[PDB]
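One structure is given here, and the rest of the page talks about it.
A short reminder: the numbers here are calculations on the coordinates, not readings from a lab. Heads up, the Cβs are rebuilt from the backbone with ideal geometry, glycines too, and the neighbour counts pull from every protein chain shown.
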DNA sequence: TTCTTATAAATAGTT
DNA sequence: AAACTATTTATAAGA
DNA sequence: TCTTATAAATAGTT
DNA sequence: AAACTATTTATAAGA
DNA sequence: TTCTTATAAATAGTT
DNA sequence: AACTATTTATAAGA
Ligand SMILES: [Zn+2]
Ligand SMILES: [Zn+2]
Ligand SMILES: [Zn+2]
C-alpha cells in the first residue's frame, strides 16, 4: 500500500543493512541467507568477475550517512572523501563565478 | 482500573498523553519479562500521535530487524483488525 | 497467577513454550490497545527460543519499518537493563 | 524507411519484435551521441512487452539515479501526453 | 545536417546548448515512439552540462525505478565505452 | 642550527612564532624552486595556530585547486602520520 | 649539492624527473616539520609536468581547503614573482 | 535469419 | 524555442 | 487445551 | 510529577 | 624583527 | 637507488 517511491527506498535500505552486516561478520557459520553471497562480493577487494560497480552503488547510498571515521563498508571512507571533494568544487566554482561577475561588472 | 474503559481513541488530550506513557511502560515491562522468561528476541517500535519515536529491544535492534527481513517462512502476523475479531469471538 | 513467578529463564522447554504463547498473546493485546487508545503506530517483532517469528503491527509493518529507518533525531531507546533500573527505583 | 509508419502499437508479434530491437539500438545510439556532444549524464531504462530489462547509462546507472533522487527543484517532466501535444503543434 | 559532425564534446557553450535542446527533443520523441510502437515502459533521465535535470517516462517514473531496483536477473547494460567499441568494429 | 632540534611542538610562544615565519618562508622558497626547476604547479596553504591564513601558488590558486577536485585517479597522498613512518625506515 | 645550480627549468628529462622526486619529498618533509613544530595545518598540492597529482596535508586535505574557501580577510598571498623579489632584496 | 536499399525523419547550419 | 533547406542518419521493407 | 485462584496492571482521582 | 486503591485484567499452576 | 654564524639538513652529481 | 661533497637552511644568542 506504500508508494513505489517509499518502496524503492525501503528496498535500498534493506540491501544496505545486508551489506553492513556482511562487512563486519566474522562468524564463518552465519545463518543469515544473504551473508555468504555478500561476503563473497565484498571479498572482491582483489581490485580486478561480479561487477564492483554494483557494490559501490550500495556503498554510495550508505555513505550518505555512515558517520564513524572507521566504517568497514567497502569504499565508504573513500566515498565520504569524494563527497567532500565535490562540495569543495562547488565552493570553488561559486567564488570563481563571483570574481568574474565583479570583473566583467 | 476504577472503571472499565472501552478500547477506543481517548479524546481528552491530557488523558491520552498520561495514559500513553503509563501503558507504554507497561508494554515494555511485559516485553522485558517475556524476553527473559522465554529467552527470546523482541523489538518494539512505537510512534505516538505527534510522531515521536520510542523503541525497546532485548538485544541489538539492527540484528533483530535483519533476521526479520530475511525470515523466509510463513509466520503469524497480526494487525489491529485481526485482534478485534479475535476478541469478538470470546 | 496461582503463584508469583520470578523473572528468570524457564528451563523446562514445555513450560517455556506454554508461558511464551500466553504472554505473547497478552503482549499483542496490550500493544493493540495502546495503539487504539492513544492513536499511535506500533510494530512488534518477536523471535522465540527456537527462532520462530511472530509479528504484530497496528498498521502495515513495512510502513512502520521505513519510517523507523528514516528517523534521524533523539528518541528514547530502552533495553532490559534500562527496564530493570526503572523497576528497582520503585 | 521504405514507407512511413503510423505511431500506434504494432499488433503483429514478429514485426513488433524486429522494430523494437532496431529502434532500441537507435535510441541508445542517440543517447550516447547526446551525452558526448553535450557533456551530459544520461540513464535510459527500457522494459519491453515480454517484461525484460534493457539499460543504457553514459557511465554509471546508479550514479545518475542517486543524483536523480537527491535533485529537488522544478524540472521538465514529459509523458507521452506532453509529447503528443508538442508533436501536434508542429 | 548541412554538414556531418564528429561525436566529440561541443566546446562552445552557445552551440552546445543549441544542439542539446534540439537533440534532447529528438531523443524524447524516439523514446515515445518506441514505447507506443512496441508497448514498453521507458524511463529517461538527463543531466545537462550545467546539471539541470530533464526527464521522460512513458508512465510514472517512480514505478519504473522500482521495477529496475527489484529486477534480479542478468540483462543488457550498455555504456558510452561499450557503444564506442561496437561502432568502431565496422 | 647551533643545535639540533627534535620535531615536536615548540612550547615557547615567542620562539614558536619566530620559527613559523622563518620556516614558512623557507618552505615557500623551496616550492618556488621546485616549480621552476621541474616545470610543475604547486599550491601551498598554511593556517597557523591562531587560524590566520598564509598561501603560495606558482600559478592561480583557484585553478590548481579546481584541478585537484577534478582529479580522479589514485595518487600519492601523505599525511603527518604517513611521513613519520617513512622517515623511521630511512 | 656537488655544485650550485641556477633556478631555471631542467631540460634533460632524466635529471628533471630525479630532481622532482627528490625535492618533492624534501618539500613534504619541511611541510611536515612546520606543522609539528609550530602547530599549524598545511595543505600542499603538486602537479608535475605531465599533470600527475601528488599531495600532502597535515590533517584531512579537504577540510583544510574547505576552511580556505571560508577565509575572508586580507592575508599573505605569495607568487613566484614575490619570492624572486624577496630573494633579490637580500 | 542476415543484409541491402528507398525513403522518411533528423539535424547542422543559419536566420 | 521556430523557420527554413541541404545533407546526413535511421529504419521499414526488400533482397 | 479451559478453568481458577491469585498476581499484576491500571482508571480515576488525590 | 508521582501516589493511592478500587477495580479490571493477565496469567500460573493444574486439570 | 634582524643579524650572525656554527651547525644541521638538503641535495647535485657521481657510482 | 645509494653515496658524498658541497650548498642551503636554520637555532640560538646578540
Ligand atoms: Zn553473517
Ligand atoms: Zn570486480
Ligand atoms: Zn560505512
Practice task
Would you calculate a helix-derived [θ] at 222 nm for chain A, using -39,500 (n - 2.57) for each DSSP H run of n ≥ 4 and dividing by the full residue count, to the nearest 500?
Solution key: -22500 deg cm²/dmol
Completion exercise
Here the Kirkwood hydrodynamic radius of the protein assembly as shown, Cα-based and in Å, equals 30.8
Fill in the blank from the handout: For peptide F:49-62, the mean count of other chain Cβ atoms within 10 Å per residue Cβ is 5
Exercise for the section: For n ≥ 4 DSSP H runs only, could you compute -39500 (n - 2.57) per run for chain B, divide by its residues and tell me the 222 nm figure to the nearest 500? Expected result: -16500 deg cm²/dmol
Fill in the blank from the handout: Between the modelled labels at residue F:66 and residue A:93 (7 Å from Cα along Cα→Cβ) the distance in nm is 1.0
Problem - Average beta-carbon neighbours from other chains, 10 Å sphere, peptide C:80-87 - result: 4
Completion exercise
Taking Cα atoms, the helix B:13-38 axis meets the longest principal axis of chain B at an angle in degrees (rounded to 10) of 30
Practice task
Kindly give the distances from residue D:88 to its copy-mates, label point to label point, with each label point 7 Å from Cα along Cα→Cβ, as nm values to one decimal ordered shortest first.
Solution key: 4.7, 5.0, 7.6, 7.6, 7.7
Fill in the blank from the handout: Relative contact order as a percentage, chain G, C-alpha pairs under 8 Å and 6+ apart, gives 15
Exercise for the section: Place the label 7 angstrom along Cα→C-beta at residue C:23 and in each other copy, then list the distances from the first to the rest in nm, shortest first. Expected result: 2.2, 6.5, 6.5, 6.9, 7.7
Problem - Using a Förster distance of 45 Å, the FRET efficiency for residue G:6-residue G:51 (Cβ separation, nearest 0.05) - result: 0.95
Practice task
Based on other C-beta atoms within 10 Å, arrange A:62, A:21 from fewest to most.
Solution key: A:21, A:62
Practice task
With a/c under 1.5 counting as rounded, go ahead and sort chain G into rounded, prolate or oblate using the C-alpha gyration tensor (a ≥ b ≥ c being the square roots of the eigenvalues; past the cut-off, prolate if a/b is larger than b/c, else oblate).
Solution key: prolate
Fill in the blank from the handout: Quick note, chain A: a/c under 1.5 would make it rounded; otherwise a/b > b/c is prolate and the rest oblate (a ≥ b ≥ c, C-alpha gyration tensor); here it is prolate
Fill in the blank from the handout: Helix D:80-89 sits off the longest principal axis of the Cα atoms of chain D, rounded to the nearest 10 on a 0 to 90 degree scale, by 70
